[PDB]
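Engineer: output the structure for:
(chains A, B and C)
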Amino acid sequence: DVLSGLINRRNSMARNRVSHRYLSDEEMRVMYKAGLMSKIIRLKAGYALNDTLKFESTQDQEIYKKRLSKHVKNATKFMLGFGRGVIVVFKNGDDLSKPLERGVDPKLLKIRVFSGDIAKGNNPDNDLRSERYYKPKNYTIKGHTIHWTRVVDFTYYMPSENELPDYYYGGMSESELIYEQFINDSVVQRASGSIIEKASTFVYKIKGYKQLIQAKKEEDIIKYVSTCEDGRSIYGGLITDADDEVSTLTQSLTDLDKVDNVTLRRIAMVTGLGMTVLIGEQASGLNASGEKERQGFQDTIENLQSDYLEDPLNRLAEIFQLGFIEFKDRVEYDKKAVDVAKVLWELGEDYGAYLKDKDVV
Amino acid sequence: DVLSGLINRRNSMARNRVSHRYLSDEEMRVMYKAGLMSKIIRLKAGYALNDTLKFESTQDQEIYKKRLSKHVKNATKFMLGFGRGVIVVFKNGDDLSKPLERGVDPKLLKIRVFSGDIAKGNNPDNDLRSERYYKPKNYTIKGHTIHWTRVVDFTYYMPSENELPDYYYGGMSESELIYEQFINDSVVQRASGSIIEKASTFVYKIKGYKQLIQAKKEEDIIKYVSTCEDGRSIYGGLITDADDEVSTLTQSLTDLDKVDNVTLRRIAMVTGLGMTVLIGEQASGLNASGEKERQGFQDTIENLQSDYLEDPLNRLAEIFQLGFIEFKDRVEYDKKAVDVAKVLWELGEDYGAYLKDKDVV
Amino acid sequence: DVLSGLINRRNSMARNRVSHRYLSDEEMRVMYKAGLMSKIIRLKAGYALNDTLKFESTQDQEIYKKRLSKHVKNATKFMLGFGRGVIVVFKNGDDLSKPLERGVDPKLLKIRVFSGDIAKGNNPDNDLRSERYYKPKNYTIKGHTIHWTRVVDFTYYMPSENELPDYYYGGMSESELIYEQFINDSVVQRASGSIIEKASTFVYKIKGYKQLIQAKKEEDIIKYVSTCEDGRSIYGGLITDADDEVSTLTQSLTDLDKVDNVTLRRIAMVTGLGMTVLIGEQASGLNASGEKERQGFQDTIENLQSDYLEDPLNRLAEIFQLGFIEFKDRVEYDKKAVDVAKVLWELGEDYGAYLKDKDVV
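Structural biologist: Residues are numbered from 1 along each chain as shown, chains lettered A, B, ... in the order given. The relevant structure is shown in the block below.
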C-alpha cells in the first residue's frame, strides 16, 4: 500500500509515531475532584462492591461489611482515581516493621485507607526469590514507612515491567487511560458554554467612525449606540444611514455534537460503562438490578472483579481470619425453573436432587 | 480489465504494492498503556478466561483458580499486548537448566509471569528432530536465562516461518494487527478535540492595520479590540467602519463521523469484538452471560480459546499434575428440555437415559 | 448492442480485456501478517474445525483432538494464507524417501506443519498412470526434500491445469482471490486517516508576503502568525487588513463511505463471510452456535469442509489408523420433536423406531 510518489511519507503511517503521556500526580489529583470522572470512579467502584461479595463464612455473616467493607470502597475508589489504593493495618503500637503474625492479630488492630497520591511504592527486589520486580518490599505512606506485609495494595491495570517504576510500582489511574479524553471533553464543554454568548453579534458598520475614534471625540456615537441598543427590539426599527450598514455575523461550533459524540464514545469504551450512562439516559438499560440491566456492562465489572479486587481482598481475607471471599451474581426468575426441577421425578415423592445445586434459598 | 491507455499504470493495482509495518517493541509497550487497546486487551483476555474453563478434575476443584488462574490472565493479557505472554516456573533454587521432572515438582515451586517486552525467544533448532523452527530451545527472560521446558509461552497469532525471528519466536501483538488502526483513530481523535476551539474565528478586517503594525505603534488598536472582545455578545453591537469589514470563518472536520466510522469498523473486525462495544453501546447485545449476548462474538473467543490458550494451558496442566483442561459453555433454559427428556418414556417409571448426557447438574 | 458510431470501441467491452494478477510469495507473506486478513484466515479456519468433526471412532475418542487437531488448524490456516498448507510426518529417522507403511507407523512418529511459503510442490508425473498432472510426486520443504506419500497437502481452490505450476502445484491464497480488495481497502483506509488532519486549512492570504519571502526577510511575519495561531480561538478575533484576506479551505473524501462500502461488500462475497462481520456487527446474526446464526454462512464453510479439508483429513485419517472422519452439524430444539416421535405409537408401550435415527443421545 506504498509506492510511486511521496504518498509513502505524508500518510498517517509515518507522519506520526505513537507515544503516551504520563500525567503527573498533581494532575492525577485534579481529575479525582473533577465532576465527570468523579461519577466514573464512583460508578465503577460501586458497581464492583455493592452487595456483590460472595462470603463463604456464613457464621459472623459479613463482619467485613460493618467494619471495613466501607474502607475498601474508598480504597478501591483510590484505585481508579490514582492507580494505587492502599489499606494499612497495624496494631495499637506504631511499627515500621512487619505485623506479628506468629499469632495473627485477633481484631486488636486499626484500619487505614490511602490514595496513591500520598501513598507510593518504593523497594522492589530485582531478584526472583521472594516477590518479583512487581511487588514492592517496603514503601513510605507519608513521612512514616510501612512494612510490605503490613500493607494491602489496591493496584489497577499495570503496564509492562520495563516502565513500572514510572507509575511507582502499581496500577494506572483511569485518568492515564482517558487523559486524551477528559481534556478533550473539557475542551468541548468549555467552548460549548462560551459559544452562545457570541452566537451572533450585531454590527454597526458606520461611516466616519474611522475619524471619530481617530479624533478621540468618539464619546457621543458610543452614547447614541448605547441608548440605541438600550431598546433595540422587535418593536422599534433602527434608524441609520445610506452610507451606514448594519449587518449580523453568526459564529457557532458547527460540529459540536460530532466531537462531543466521538469523545463520549471512547470514554464509554475505556471506562467500560455504557454510552447510555455518559449521555445520562440511565433509565434505558444500565441499572442496579442484575437481571438484564446490570448485565449491560457487568462483564467489565466482572473483569474488574477478578483482576484487581481478588488479589487484595483475598489477602485482606486471610489477615482477618475471614474465609476466601469471591463474587457471584431476582430468584423469582429462577423459581419457575426450580419447580420444573421438582416436577422432574415425582417418583412417588422423592427429593429433586437438582434443587440444592440452584437458588433453593 | 486493463487496456487502451495509461489506465494500466495509475490504478490502485500497480500504483502501490503491499507491505506491512513491524512496530518496534517500545511502540508495542506504549499501546499497552494507551486507553483504547487497554480495554481491548482487558476485554478479550477476560472473555477468554472468566469462568469458561472446563476442569475434568473435580477433586481439588479449581486449585488452578486460587493459585495461578490469575497469573495466567495477566500473562494471557501479555499475549495480546505484546505477542508473547510468559509463565515461568522454577523450584526454590534458581536454575538455568531444565526443571527436574524425574520426580515432577509437587507444588514446591514458585510462579512468574512476563510480558513479551522483557521476555523474548532465542534459540531454535533448525533441524527437524525435537522442536521445529517454531519452538525455541532456550531464551533469556532478563539478564538471566531460562530453560525451554522450564517456561510456558503464551504465543499469539504467528506469521510465516520465513520471518518468525523478526517477532522473536512467538505471537503478534494486536497492535501489529491494528497499528494501521490505533494510529488512525488517535489521529481522528486528537484532531477532534482541537477543531472546536477553532470552529469559528471572528475576524476584524481593519483598514490601516497594515500601517499600524508597520509603524509598530499598533498597541492601541489591539487594546481597543481586547476591550471590545471583552464584551462582544448578543447584547452590544459592534461599532466598526464602512471601510472596515467584520467577517466570520468556520473550519470543521466535514467528515469526522465517516472516518471515525471506518476506523472503528475495522478494529471491531480485527480484534473480533463487536462494533457495539467500540461505540460503547455495550447494553444492546454484547454482555457477559452466554445465553445469547456473549454469543455475539463468542466464536472469536472460542477461536482464541482453541488456538493460543489450549497449547500452554495443557502444558501448564501437566506440569502441575492437573488434568487436561478445556473450555465448554442459564441451565434454566435447558431444564424445560430436561423435563421433555423425562416425559419421553414413563415406562411405568424408568430413568430417562438422556438425562445424564445434558445439564442434569 | 453495437452500431452506428465509434461507441463500438470505447465502451467497457473492448476498451479493456481481462487479466489476473499473480501476487508473489513475498506479498503473499505480508498479507498473512496484515490485520484484516489475519481475522479472515483465523475466522474461516476456526469456523471449519471448531468442534465440527464427526468421528466414527468413539473408542479412543478424538485422539486426533489432543495431538494434532491443533496442528491441522495452523496448517489449514496456512491453506488460506498461502494456498498451500502442509502436514509432514516422519519416524524418528529422517528420510528422503517414502514412509515404511509395510507396517503402518504405530504412533512412533512426529508431526510438522508448514506454510506454502517455505513449502512448495515440485515433481508432477505428466503421464496418466499414478497421479495426474495435479498431484506432485516429490517436493522440497526446505533445503531438505520429502517424499510424496510422506506429506499431507492442504490445497485450496486450484486453477486450471494449464497454469497450475505458476501456483506451484496446489491451492490459491485468499489474497490472490482478494488482492484487488486488500489493496483497495488499505488505500481507502490509509487515505481515511490522513484526510482529517487536512480537513480544513486556515489561510492567510496576505498582501506583500510576495515581497517578504522574495527579500527573504520574512522572519517576522511568520513569527507574528505563529504567535497569532498560538491563540486563534473562539475567544480572540483576528486582526488583519483590508487588503488582507483570511479564508478557509476544506478538503475531504466526499465518497469515503461509498468506496469503503463497495470494497467491503466484495470481501464478504469472496471470503464467504457475511457483510456483518466485516463491518463488525458480529452480534446480529453471525455467531458460533449453529442453531440459526452460524447458518448465516455455514454453506460456505460446508463448501470449504467438503472440498479442501476432506481430501487430506481422510488421508491423514488413514495414516494414523483412525477411521474415516467427516463433518455433520442445540439438541433441546430437536427434543420436542423427539417426544413427538415417542408419542407416535404408544401401542401399549413400544419403542419409537424413529428415536434412534435422530439425536437420541
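Engineer: what comes up buried for the host helix or strand of residue A:193?
Structural biologist: Using DSSP states H and E, residue A:193 sits within helix A:174-197. By neighbour count, and taking 16 or more other CB atoms under 10 Å in any protein chain shown as the criterion, the buried residues in helix A:174-197 are A:174-185, A:187-188, A:191, A:195. The C-beta positions use only the backbone N, C-alpha and C, and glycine is treated the same way.
Engineer: can you name the element that comes right after that helix?
Structural biologist: strand A:200-206.
Engineer: can the very next helix or strand once past that next one be found next to chain B?
Structural biologist: If you walk from strand A:200-206 toward the C-terminus, the next helix or strand you reach (DSSP H and E) is helix A:209-214. Yes: part of helix A:209-214 sits close enough to chain B to count as contact by CB under 8 Å from any CB of the partner chain, namely A:209, A:210, A:213.
Engineer: tell me which other helices or strands helix A:209-214 touches.
Structural biologist: Counting contacts by 3 or more CB pairs under 8 Å, 6 or more residues apart in numbering or on different chains; DSSP states H and E, helix A:209-214 is packed against strand B:238-241.
Engineer: picking up where we left off before, report the two of the buried residues of helix A:174-197 separated the most.
Structural biologist: In terms of CB to CB, those reach their longest pairwise distance at A:176 and A:195, which sit 30.1 Å apart.
Engineer: can you give me the neighbour number for residue A:89?
Structural biologist: By the criterion of other CB atoms under 10 Å in any protein chain shown, residue A:89 has 20 neighbours.
Engineer: confirm it sits in a strand?
Structural biologist: Yes: in this structure, residue A:89 lies within a strand as judged by DSSP: H, G, I helix; E, B strand; the rest coil.
Engineer: need the nearest residue in space to it, chain neighbours excluded.
Structural biologist: residue A:109 (5.5 Å; CB to CB, 6 or more residues apart in numbering or on different chains).
Engineer: is residue A:45 in a helix, a strand, or coil?
Structural biologist: helix.
Engineer: and the closest residue to it other than its chain neighbours, how close does it get to chain B?
Structural biologist: With sequence-adjacent residues excluded and distances taken as CB to CB, 6+ apart, residue A:45 is closest to residue A:77, at 4.5 Å. Between residue A:77 and chain B the distance, using CB to the nearest CB, to the nearest Å, works out to 19 Å.
Engineer: over to residue A:163?
Structural biologist: Separation of residue A:163 from chain B (CB to the nearest CB): 7 Å.
Engineer: does that residue touch residue B:32 like I think?
Structural biologist: No: contact status for residue A:163 versus residue B:32: not in contact, 9.6 Å apart, counting by CB atoms under 8 Å.
Engineer: okay, these two: which has more neighbours?
Structural biologist: Higher neighbour count among residue A:163 and residue B:32: residue B:32, with 26 against 17, using other CB under 10 Å.
Engineer: may I ask which helix or strand encompasses that one?
Structural biologist: Secondary-structure assignment from DSSP H and E places residue B:32 in helix B:25-33.
Engineer: near chain A at all, that helix?
Structural biologist: Yes: judged by CB under 8 Å from any CB, helix B:25-33 comes into contact with chain A at B:27, B:29, B:30, B:31, B:32, B:33.
Engineer: is it possible to get a markdown table of those residues that adds distance to residue A:298?
Structural biologist: Supplementary listing: those in a markdown table, determined by distance: CB to CB, whole Å:
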| residue | distance to residue A:298 |
| --- | --- |
| B:27 | 34 |
| B:29 | 31 |
| B:30 | 30 |
| B:31 | 27 |
| B:32 | 25 |
| B:33 | 26 |
